[PDB]
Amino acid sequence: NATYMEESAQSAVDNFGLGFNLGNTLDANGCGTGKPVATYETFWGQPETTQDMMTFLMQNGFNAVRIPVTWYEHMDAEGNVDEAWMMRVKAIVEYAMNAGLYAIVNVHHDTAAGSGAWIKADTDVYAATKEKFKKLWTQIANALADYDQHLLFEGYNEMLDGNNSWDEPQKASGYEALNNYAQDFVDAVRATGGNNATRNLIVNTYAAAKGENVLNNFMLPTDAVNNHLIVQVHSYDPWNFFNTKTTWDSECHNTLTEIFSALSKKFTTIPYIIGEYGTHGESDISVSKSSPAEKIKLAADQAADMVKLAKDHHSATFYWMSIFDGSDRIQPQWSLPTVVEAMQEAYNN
């Protein structure tokens, strides 16, 4: 309902500021088809989302929210999305728009290693699912068409090959599948016209990873309009540091500087974002407000470094969950105020 005003991908990324992932929420899945909307949204222990949560982000120094959504349990046999589900995605988008935030809606655990994932970097799977994927994106794009440029679409989350190979696919043909999905995503959205003709769209690398082969074999889709694509990767590097490091040390820092240097060396004319980062490591062990103080400081230091490096590289970052989690969301209040304070200082000073 705010009037759409076309803005470049780099402008959006610059305007994201500090970002947050509303994780384990609309992306939660596994209870089966035909359940009430709230049964999905609270299935992994998060509260139902409220307007005040989005207001709280904006009023406390954040300017963007990523809204992961898993779709497969909400699609019928013909690939039609349940209307109550699409209306709830819309409602949460509206909370973010009302709060003056940027928002990203994606296709989340329809990819990767979970049961139910059906989008895979596998040429047979791509051929079997491409029309279903384009039909899903046609529906999302039409349902969300009228929101202004603060809303972005992200085609797919962490696409893996058929063996759920993290880091890189076992066969190079996997990249052909990923690159084809990415093109189909852009094509399907653009075809719906209107604001979607120029909306900023986000395309992710294989596994949302960032190694040399994954970047070298990544092909940005062709787009008939200029500067309206963003690349996304995820970084919880050095892998498992939360369990093995006492402090965010020079090895940790150098690991991140090398990652941003590589991404920036590759993407000299296209923006990229760090769509997830956090302390999550082996067995998804992560920081919480009852972690020892030194471990919370570890989390704070990671976050401060990530935010500042991303800013230096004209990128942007989205925290995965921990800072604003579970029961704290309904108050609303930060779960990890010292981590957030380190982020705010790094971003603003």
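Residue numbers run from 1 along the displayed sequence.
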Of 296-304 vs 282-290, the stretch with the larger average CA B-factor in the entry is 282-290
Of 222-230 and 270-278, the stretch with the higher mean C-alpha B-factor in the deposited entry is 222-230
Top Cα B-factor in this entry, restricted to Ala127, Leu152, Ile140, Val203, sits on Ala127
Chain-relative C-alpha B factor for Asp312 (record values, thirds): the highest
Tertile call for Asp110 (CA temperature factor, within chain, third-based) is the lowest
Among the modelled residues of its chain, the C-alpha B-factor of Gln46 falls in the third labelled lowest
Quick tally, chain-level thirds of C-alpha B-factors: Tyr156 sits in the lowest
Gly61: CA B-factor among chain residues, third -> middle
